[PDB]
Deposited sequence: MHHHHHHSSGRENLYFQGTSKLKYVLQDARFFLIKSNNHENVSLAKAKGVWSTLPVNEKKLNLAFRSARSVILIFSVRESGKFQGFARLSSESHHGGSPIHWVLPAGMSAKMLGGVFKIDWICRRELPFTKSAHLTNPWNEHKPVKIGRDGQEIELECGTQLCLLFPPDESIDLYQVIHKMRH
């Protein structure tokens, strides 16, 4: 079903995450964590206090796809175990994955982002915010990830 998904996405905020390599997105998927440059870190922290859900939509550059999307479960924090990213970085955000499946850019060509000059939503710097309705429709385009139970995610909202 898509109903619990739509519930999680209600009045969420959305941010485009651009990764230069698959290694980091695979690490994020396995450990449920993300880290970013401080300009994006501050923006994500602000949004985390501002909305019921803050959704990160990941795309590896030159891959022609999105690799999934996740919901912030924490503000950034420092001092934990060091993640061996393939690389100045900010704190670590804890994330809950909502969909770990891919979506090719060819399937999102009809979605434009008003907060990036209405360019196709695939286009944007790392950290680009995606407007509410564009971001919702983008997440609904991903194939269902039947391995995730959103009941757990809903309780954190």
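Of the deposited sequence, the ranges 1 to 17, 105 to 111, 182 to 183 have no C-alpha coordinates according to the record.
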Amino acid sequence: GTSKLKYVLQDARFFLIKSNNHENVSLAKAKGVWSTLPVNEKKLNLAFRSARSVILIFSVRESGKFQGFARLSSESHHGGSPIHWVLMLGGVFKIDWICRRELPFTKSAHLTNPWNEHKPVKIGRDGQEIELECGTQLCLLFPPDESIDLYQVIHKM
From here on, numbers count along this sequence of modelled residues.
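For clarity, a rigid core is taken as the largest C-alpha set superposing within 1.5 Å between two forms.
With 120 to 128 and 89 to 97 as candidates, the stretch whose CA atoms show the greater average offset from this form in 8 other deposited structures of this protein after a core fit is 89 to 97.
Two stretches, 64 to 72 and 36 to 44, are weighed by how far their CA atoms sit from the shown form in 8 other deposited structures of this protein after rigid core superposition; the farther one is 36 to 44. A summary of the deposited B-factors shows that, of 129 to 137 and 145 to 153, the stretch with the larger mean C-alpha value is 145 to 153. Each of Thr106, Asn113, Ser35, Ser59 has a CA temperature factor in the record; the biggest one is found at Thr106. The residue among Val54, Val39, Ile123, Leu27 whose C-alpha atom has the highest B-factor in the PDB entry is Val39.
In this PDB entry, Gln67 carries a Cα temperature factor that places it within the lowest third of its chain's modelled residues. Ranked within its chain, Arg49 lands in the highest third, by CA B factor from the PDB record. For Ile98, the recorded CA B-factor ranks within the lowest third of the chain. Only modelled residues enter the ranking.
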